[PDB]
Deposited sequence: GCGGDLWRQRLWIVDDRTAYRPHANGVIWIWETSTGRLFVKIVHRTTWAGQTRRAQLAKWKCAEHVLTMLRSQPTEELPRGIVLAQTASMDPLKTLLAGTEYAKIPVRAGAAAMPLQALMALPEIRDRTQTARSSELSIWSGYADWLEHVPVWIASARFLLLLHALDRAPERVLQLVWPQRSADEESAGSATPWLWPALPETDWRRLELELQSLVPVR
């Protein structure tokens, strides 16, 4: 439970190709809760030949673009990739740039960040997309008002795993833009207890 230490970027592209639907690449900023949803349009895959070949490089290029759009004080202190196949491509695209010597690590697989595909607001903004749209959500809502950073981080992680093992039950228990509904802390506590 040490993702609250520094400003890390968890990158998950395991939903970049979804059969006959727009995919998504997720970037979770651990310290702040900021979530980068990059909708990958279906035209990406039209006429393609290897999904891994294309996906790994588009993910690497996307991370490079999100880096380029950040101020130097808001650059991540580490980058964690869910799939190791994009570890080499990412490094290649960062060579020779100011973002080299930002440690790039694997092992985010243990974290089912892609399970956010189950939130109806995201799913609905995703399918109706016409371009490969970028949107930014606040994954910690207003939790940093009432809990320390490590609690908000852990809560988000518990939500991720609950969405990955019982998405309907999570959706039924819960409910710029907030990813979660505006609830008091007591209901958040009861929810944490109920989510196994």
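Where the deposited sequence has no C-alpha coordinates (positions from 1, in order): No C-alpha for residues 1 to 3, 179 to 191, 213 to 218.
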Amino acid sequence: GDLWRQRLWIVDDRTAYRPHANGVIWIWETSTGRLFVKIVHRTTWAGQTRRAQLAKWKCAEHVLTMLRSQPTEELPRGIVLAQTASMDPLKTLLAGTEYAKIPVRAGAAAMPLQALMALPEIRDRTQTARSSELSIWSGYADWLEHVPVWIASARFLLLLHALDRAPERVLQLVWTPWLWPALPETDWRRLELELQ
From here on, numbers count along this sequence of modelled residues.
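Margin query: Quick check on the record: does 141 to 149 or 24 to 32 carry the larger mean Cα temperature factor?
Written below: For C-alpha atoms only, the mean B-factor is higher in 141 to 149.
Between 186 to 194 and 4 to 12, point out the one with the higher average CA B-factor as the PDB entry records it. It is 186 to 194 that shows the higher mean C-alpha B-factor.
ask   = Per the PDB entry, which option out of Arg68, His62, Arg155, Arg51 has the greatest Cα B factor?
value = Answer for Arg68, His62, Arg155, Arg51: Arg51, with the highest C-alpha B-factor.
Among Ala46, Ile136, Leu171, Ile39, which carries the highest Cα B-factor?
Comparing C-alpha B-factors across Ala46, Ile136, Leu171, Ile39, the maximum falls on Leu171.
By the recorded C-alpha temperature factor, relative to the other modelled residues in its chain, which third is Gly107 in?
As the PDB entry reports it, the C-alpha B-factor of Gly107 lands in the highest third of its chain.
| task | Name the third of the chain's ranked CA B-factors that contains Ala162, choosing lowest, middle or highest. | result | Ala162: CA B-factor falls in the middle third of its chain.
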